[PDB]
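In structure tokens, one chain follows: the form deposited in one PDB entry.
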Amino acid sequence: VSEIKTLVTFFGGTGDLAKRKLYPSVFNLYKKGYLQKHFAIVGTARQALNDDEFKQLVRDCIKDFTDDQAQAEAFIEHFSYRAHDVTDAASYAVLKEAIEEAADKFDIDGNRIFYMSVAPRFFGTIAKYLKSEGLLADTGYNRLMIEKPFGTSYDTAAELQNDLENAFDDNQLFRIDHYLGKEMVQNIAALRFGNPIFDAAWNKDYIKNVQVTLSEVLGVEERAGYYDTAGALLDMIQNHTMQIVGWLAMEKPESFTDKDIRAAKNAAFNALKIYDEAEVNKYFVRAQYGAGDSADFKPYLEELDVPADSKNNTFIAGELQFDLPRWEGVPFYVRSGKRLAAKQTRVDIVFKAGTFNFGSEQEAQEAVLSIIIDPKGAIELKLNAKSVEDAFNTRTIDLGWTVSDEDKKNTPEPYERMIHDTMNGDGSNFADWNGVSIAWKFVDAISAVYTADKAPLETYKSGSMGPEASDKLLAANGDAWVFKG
């Protein structure tokens, strides 16, 4: 494989994300051979660490993935560290020098990546300074990887965006959503555009409805401080869920390049219907988990650091609608929540049942294409066939496929994908501004009615699949969730 020549600077280089996700990913790119001699990693944070202490930190964080000592040592010598106060303009001069020193040491020509893994208050500030203090390279590329969240409403986001646009063009910005980095999620376009039988049926004439489910068995754990102000709505729906929908609802692109893909996705989002108060009430459900069946499952209000009057949503179920011919009348059902029956990230495409009557007791039911993303990749197709009875009758059978052991071992972890893609300058698995702005516009309309408490807050017992209102939502259209736990 060809060598990738880059200089990566991590803001927030001592946080857990960097320690357990980022460095090991970068190390993998090294093992694979993409990273060879012309590369350097400059870590930065507020604590007073130094080069020796940083290399040691890195060494410990990748010890579990090392083949041999020499390999780790060779890798480690490409890192350097600079303590740095993101608000201090002068501090940037120290960083600029570290970067230039590293660029000279390993002969790196531009190609800089700045990874922001710090509190979001600093996103705009760091951006402006990168330009001011002359940290941006004069040749090669300059790219910014921005960690979640990306604002907390359309306003904050737009504001963030405006700030970012001072030193970067939208196509150099890489907003991170690790679900877009999962292998199975990337199989969607292949399945659809690579098989005419599905490609031709990916529209309102064959699809009854689309279902997206991101369910977790865990509760609020120990992140109540942050979660209580975000809820399933901002933590799971606005970002992960919406971006998966984008892959599903997209129009057929001119070609498979990042530019056409985003264009194809943007056309769908532009057709997304934004709701008013009555509609949010009609099409969405918000709930909070109650007690379960064991002394481990406390109702949400009894969790650590959760205010006693909390009206936060730990579960959201809703219907999206697209004003594009392709999707006329096909509801996209979306759901995500904590304390549900199982851990599962999946997509289920329910096809309209056939009208040909066999004159049997059980006529043809709806076929279903299911793509399981988490916990283990699997694809299943529920099809109508003949029952094993004396009189002709139909039944539903499931053809299945699941990742092999070899598939698992060769699957790159999402952060490796993202970093590698950013190095290649491929925007295929990243959302662009148009996509993010629409998601915010859509979600704001919902939040607005929630904060004003203009919609019920349902309960559901820990261990189920949500409030009964969730089922009632699909029932109105003669639909039902295919995954029942």
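Residue indices: 1-based, along the sequence shown.
Not on display, but discussed next: the form deposited with a small molecule bound.
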item: Contact assignment for the small molecule in the entry with it bound, among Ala45, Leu35, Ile62, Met423, heavy atom within 4.5 Å; value: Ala45
item: Listed residue that, although the small molecule is not shown, lies within 4.5 Å of it in the entry with it bound (heavy atoms), from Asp323, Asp205, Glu302, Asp85; value: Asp85
item: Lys472 within 4.5 Å of the small molecule in the entry with it bound, heavy atoms; value: no
item: Contact test in the entry with it bound: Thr14 vs the small molecule, heavy atoms, 4.5 Å; value: yes
item: Any non-hydrogen atom of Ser117 within 4.5 angstroms of the small molecule in the entry with it bound; value: yes
item: Contact flag, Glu147 vs the small molecule in the entry with it bound, heavy atom cut 4.5 Å; value: yes
item: Whether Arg20, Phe123 and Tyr415 all lie within 4.5 angstroms of the small molecule in the entry with it bound by heavy atom; value: yes
item: Segment assignment from 432 to 440, 454 to 462, 46 to 54, 64 to 72: heavy atom within 4.5 Å of the small molecule in the entry with it bound; value: 46 to 54
